[PDB]
Amino acid sequence: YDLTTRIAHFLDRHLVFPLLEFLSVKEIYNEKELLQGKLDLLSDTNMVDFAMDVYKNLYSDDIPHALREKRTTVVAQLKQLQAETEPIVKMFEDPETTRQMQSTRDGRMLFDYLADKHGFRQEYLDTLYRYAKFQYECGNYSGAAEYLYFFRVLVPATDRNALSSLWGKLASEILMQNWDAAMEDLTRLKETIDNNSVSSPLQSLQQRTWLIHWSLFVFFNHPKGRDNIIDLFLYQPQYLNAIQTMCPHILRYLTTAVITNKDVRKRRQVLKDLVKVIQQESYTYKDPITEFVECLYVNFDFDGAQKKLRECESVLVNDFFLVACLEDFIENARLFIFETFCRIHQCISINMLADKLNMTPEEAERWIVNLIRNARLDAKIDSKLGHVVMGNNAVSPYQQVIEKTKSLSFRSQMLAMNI
Amino acid sequence: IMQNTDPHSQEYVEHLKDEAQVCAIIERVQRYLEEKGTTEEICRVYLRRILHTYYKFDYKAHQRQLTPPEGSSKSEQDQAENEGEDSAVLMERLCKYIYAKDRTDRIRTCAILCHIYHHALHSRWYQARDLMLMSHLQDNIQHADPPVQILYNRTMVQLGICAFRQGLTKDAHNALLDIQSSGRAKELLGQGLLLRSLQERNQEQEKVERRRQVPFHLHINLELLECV
Amino acid sequence: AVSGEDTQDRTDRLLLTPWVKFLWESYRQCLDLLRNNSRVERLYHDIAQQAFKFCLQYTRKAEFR
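Chains as they are written, first to last, in this note's numbering: chain A, 1 to 419; chain B, 420 to 647; chain C, 648 to 712.
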C-alpha cells in the first residue's frame with residue numbers, strides 16, 4: 001500500500017512492552033500457540049491466555065510472566081509464585097509503594113467528590129490531572145478508574161494520555177473480566193485511533209492491532225464487529241501492512257462471523273480480497289486449518305476437502321480461547337463445502353457422504369433434505385439407492401433475450417414517435 | 420572498458436578476468452577503515468559492493484546452497500565468503516537510516532529497484548513482489564531520469580519471468596504485457612537504430628544515451644524473454 | 648551463461664569473419680557494375696551460380712540480398 005513505502009524504512013520495530021520473551025519451549029501444536037507471540041507483544045500483557053494453557057497441558061513457564069503485573073491486583077501475582085514453592089524473600093517494594101498510594105489517594109478521592117459536587121471545572125481538571133496521574137499506579141481501585149474516565153476523557157495533554165489510558169483501560173478491564181467497561185472502551189479507543197495524534201508507522205500499525213481485542217473475548221456476542229472492522233478501515237487480512245504481523249484467528253473468526261450470522265452469497269468477496277492478497281500469500285504458506293478451509297474449497301476438491309475439513313474440527317475443539325461460536329463453525333465447515341460440491345454434480349451417495357464425515361446415512365439424508373429445504377441446491381433424492389441427484393443441463397437460452405429485445409424497442413421507439 | 424570491445428569475440432572474455440579484481444579491491448574497504456566507524460558516509464562503498472552481486476544469476480546464487488553445502492571449508496577465514504547472499508539482505512536493511520541523509524530523489528529512490536532483483540533470484544518469487552508492492556515507486560521513477568528507469572523496467576520483467584517459473588500464467592501475462600505493449604525493448608536496453616521507420620528525427624540526444632546504457636554481459640536474453 | 652555463446656564462433660569471429668565478408672563484397676561488386684548482361688558480351692553465368700554455393704559453404708545470410 002501507499003503507507004507501505006513508509007513502513008519499508010522502519011522494518012518491524014514495534015513498541016512492545018514484554019520484549020520478545022514468551023512461554024517458550026512448548027510441547028503441543030504450534031499455530032494455536034503462535035498468537036501469544038504477537039499478542040503478548042503488540043497488545044502488551046495478555047495474562048488470561050497464560051491461565052488458559054495449564055488446563056490442557058501443564059506448565060510452570062506461566063510463572064515468570066505471573067511475577068510482573070500490578071494493575072490486575074498486586075497480590076494475585078504474589079500468590080501464584082508462592083504456590084509454585086518459590087522463595088521470593090525481598091517483596092518489600094510493592095508493600096511500600098502500593099501502601100503509600102492509599103496515602104496519596106485520600107487527597108484525590110477527597111478533591112474528586114468536592115469538584116463533581118460543585119460542578120466546578122477547575123477543581124475537576126486539577127483533580128483529572130492528579131487522578132489521570134494516579135490510575136496507572138494500581139487498578140484494584142477499579143470503581144475509581146471507572147468514575148475518572150466517565151465525566152471527562154479530555155486531560156491536560158488530550159489524545160496522547162487518552163490513547164495510552166483508554167488502551168491501558170481496555171487492557172486491564174478485559175483482565176478484570178469487566179466486559180461492560182471494556183465495551184465502553186470499544187466505543188472510545190476506536191475513535192481515538194481514527195482521530196490520530198501523529199500517524200507514525202511504529203504506532204499506526206500497533207493501533208490497528210488494538211482493534212482486534214475488543215471483539216475477542218465473546219461475553220456478549222461481539223463478533224458482529226466484523227461489519228465494523230470492514231467499514232472503519234479498508235479490507236485487509238491483517239490490518240497491518242507490515243507482513244511480520246500474523247494473527248491466524250482474525251480470519252477464522254471473520255469466516256465464523258460471515259457464515260454463521262449472514263448468507264453465504266456474502267463469502268466470495270472474502271475469497272478474493274482477503275484470501276489471495278499480498279499479506280495472505282505469506283499466510284497461505286503457514287496455517288494448516290484456514291488453508292484447508294478455503295484452498296481445498298475454491299479448488300472444488302471434495303475428497304481431500306471434506307476429509308481435511310473434517311480433520312480441522314479436531315483442532316477446533318482443542319480451542320480454549322473464549323468464543324461462543326466454536327461449534328457453528330464445525331457445523332458450517334460441512335454445510336458450505338457440500339452445497340458447492342453438489343452445485344454442478346450428477347449423483348452423490350448419502351452413504352459415501354456418511355462414511356466420510358462419520359455420521360449415519362439417515363442423519364446425512366435428513367441433512368441433505370434440509371439443505372434442499374433451505375433451497376441452497378435444487379436436487380432430488382434417488383431414495384432406492386440413497387443417492388442424491390442434481391441434473392440441470394438447462395438447454396435453449398435463446399428465449400431470454402427475445403421478449404425484452406423487442407419490448408425495449410417497442411416502448412423506446414415511443415420516445416422519438418412523440419413529437 | 421567493458422562497453423568498448425565486441426562481445427562476440429575472445430577479448431571480451433579476457434576483459435571479464437578483471438571483474439573479480441574490482442571486488443577484491445572494494446571488499447578490502449572493511450577490515451582497514453578509520454573514517455568515523457562505518458556509518459557516516461563511507462557506506463557508499465557497500466552500495467558499490469552490491470552493484471557487483473545484485474544481478475548474479477540463479478546457478479551462481481546456489482553455489483553454496485545446492486552445489487554441495489557441507490563439502491566446503493568452515494573456518495572464520497571461509498565464513499566471510501560463505502555469508503554470500505546474506506550480505507545482500509544485510510546491505511538491504513542496516514544503512515537505510517544513513518542513506519536518508521540525501522534529498523536527491525534521483526539517488527534516494529534507485530536502491531530498492533536493484534534490491535528486489537536480489538530476492539527474485541536468490542530466494543522465492545513472493546519475496547520479490549513483496550518489496551516491489553510495498554514501495555509504489557512507478558510515479559516517482561517517471562519523475563526520475565532514464566538511468567533510474569532502467570532498474571524499474573529491468574526488475575518488473577523479472578516479476579513476470581519468475582511468475583512463469585512458478586507456473587502462474589495470469590500474473591506472468593499481467594507483468595510482461597506492459598513492456599511487450601510496443602517494440603521498445605532494444606531502446607530500453609539503450610541500443611536502438613538511428614533509423615528503422617519514417618519517424619526517427621533526433622540526433623543531438625542519441626550520443627548522450629549511447630554513453631548512459633548497460634554493458635553486454637548484464638543483458639538478459641531477448642529470445643528467452645519472448646518465449647517466456 | 649545467461650547470454651554467452653559457445654566458443655566456436657568466438658574464435659572464428661576473431662580470425663575468419665572479415666574474410667567471408669570480403670568474399671561476399673568481392674562477388675557483390677563485380678556482378679552489378681560490370682559483369683552482368685546490362686551490356687552485350689562476356690558471359691557471367693559461370694560466376695553467378697557460385698554465390699549460392701558460398702551461402703551453403705560459409706554463411707546463409709547473404710542469400711536474401
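For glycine and all other residues, C-beta sits at the position ideal for the given N, C-alpha and C.
Please return the same chain residues whose Cβ sits closer than 6 Å to the Cβ of residue i, not counting the five positions on each side in sequence.
i                        : result
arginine 310 of chain A  : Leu357
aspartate 328 of chain A : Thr260
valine 647 of chain B    : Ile580, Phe583
Using C-beta distances below 7 Å, list every residue in its chain close to residue i, excluding the 5 sequence neighbours before and after it, in chain order.
i                         : result
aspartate 659 of chain C  : none
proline 361 of chain A    : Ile350, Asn351, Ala354, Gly386
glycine 304 of chain A    : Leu296
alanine 162 of chain A    : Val153, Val155, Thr192
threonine 424 of chain B  : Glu430, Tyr431, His434
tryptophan 671 of chain C : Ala709
Using a threshold of 9 Å, state whether the C-beta atoms of residue i and residue j are closer than that.
i                         : j                         : result
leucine 170 of chain A    : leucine 154 of chain A    : no
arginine 71 of chain A    : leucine 175 of chain A    : yes
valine 323 of chain A     : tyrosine 398 of chain A   : no
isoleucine 461 of chain B : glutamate 454 of chain B  : yes
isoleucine 372 of chain A : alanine 364 of chain A    : no
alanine 591 of chain B    : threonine 574 of chain B  : no
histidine 222 of chain A  : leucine 39 of chain A     : no
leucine 34 of chain A     : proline 248 of chain A    : yes
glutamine 238 of chain A  : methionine 246 of chain A : yes
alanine 695 of chain C    : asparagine 683 of chain C : yes
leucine 466 of chain B    : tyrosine 518 of chain B   : yes
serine 650 of chain C     : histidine 638 of chain B  : yes
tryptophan 544 of chain B : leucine 595 of chain B    : no
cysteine 342 of chain A   : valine 275 of chain A     : no
Taking C-alpha atoms, which residue in the options lies nearest to residue i?
i                            : options                                : result
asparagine 318 of chain A    : A:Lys32, A:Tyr1, A:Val270              : A:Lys32
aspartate 549 of chain B     : B:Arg603, B:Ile535, B:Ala604, B:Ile560 : B:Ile535
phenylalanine 50 of chain A  : A:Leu335, A:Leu41, A:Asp62             : A:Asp62
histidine 481 of chain B     : B:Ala530, B:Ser542, B:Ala594, B:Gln557 : B:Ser542
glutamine 568 of chain B     : B:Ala539, B:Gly579, B:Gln496, B:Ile531 : B:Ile531
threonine 5 of chain A       : A:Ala364, A:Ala145, A:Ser200, A:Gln100 : A:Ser200
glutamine 80 of chain A      : A:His65, A:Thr290, A:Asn140            : A:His65
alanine 181 of chain A       : A:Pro156, A:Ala145, A:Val315           : A:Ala145
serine 204 of chain A        : A:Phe10, A:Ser407, A:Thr405            : A:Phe10
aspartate 12 of chain A      : A:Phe111, A:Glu184, A:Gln206           : A:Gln206
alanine 354 of chain A       : A:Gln269, A:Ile330, A:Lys266, A:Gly386 : A:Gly386
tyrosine 516 of chain B      : B:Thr458, B:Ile560, B:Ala499, B:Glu625 : B:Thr458
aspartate 194 of chain A     : A:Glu184, A:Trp210, A:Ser24            : A:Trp210
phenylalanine 583 of chain B : B:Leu643, B:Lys493, B:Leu470, B:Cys442 : B:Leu643
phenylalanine 22 of chain A  : A:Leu125, A:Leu3, A:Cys325, A:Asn46    : A:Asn46
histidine 345 of chain A     : A:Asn393, A:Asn332, A:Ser383           : A:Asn393
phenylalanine 111 of chain A : A:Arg130, A:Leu316, A:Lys266           : A:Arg130
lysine 479 of chain B        : B:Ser616, B:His555, B:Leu540           : B:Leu540
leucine 189 of chain A       : A:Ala333, A:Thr85, A:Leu166            : A:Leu166
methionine 553 of chain B    : A:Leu240, A:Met183, A:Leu41            : A:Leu240
Quick check on the burial criterion: 16 or more other C-beta atoms within 10 angstroms. Buried or exposed for residue i?
i                         : result
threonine 588 of chain B  : exposed
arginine 208 of chain A   : buried
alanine 242 of chain A    : buried
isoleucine 289 of chain A : buried
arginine 468 of chain B   : buried
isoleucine 580 of chain B : buried
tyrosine 451 of chain B   : exposed
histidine 118 of chain A  : exposed
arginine 707 of chain C   : exposed
Grab me the residues of residue i's own chain with a C-beta within less than 8 Å of its C-beta, minus the 5 sequence neighbours each way, in chain order.
i                        : result
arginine 712 of chain C  : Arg675
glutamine 244 of chain A : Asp12
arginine 631 of chain B  : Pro565, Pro566, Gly609
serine 491 of chain B    : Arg483, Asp497, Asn501
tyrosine 141 of chain A  : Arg105, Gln135
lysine 493 of chain B    : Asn501
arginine 512 of chain B  : none
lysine 224 of chain A    : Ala257, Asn261
Under the criterion of a Cβ to heavy atom distance below 8 Å, does residue i qualify as lining the ligand ATP?
i                        : result
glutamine 413 of chain A : Looking for the ligand ATP in the displayed structure turns up nothing, as the structure carries no ligands at all.
- Query: In the stretch 89-137 of chain A, which residue ranges form an unbroken alpha helix (DSSP H) of at least 4 residues, counting only runs that do not cross its ends?
  - Reply: 94-118, 121-134
- Item | Every unbroken beta strand (DSSP E) within the stretch 364-416 of chain A, with a cutoff of 3 residues, ordered by chain | 380-382, 387-389
- May I have a chain-ordered list of the beta strand (DSSP E) segments no shorter than 3 residues that lie completely inside the stretch 288-362 of chain A? 347-349
- Item | Ordered list of alpha helix (DSSP H) runs contained in the stretch 443-517 of chain B, each at least 4 residues | 477-480, 495-501, 506-512
- Item | Every unbroken alpha helix (DSSP H) inside the stretch 177-204 of chain A [4 residues or more] | 179-194
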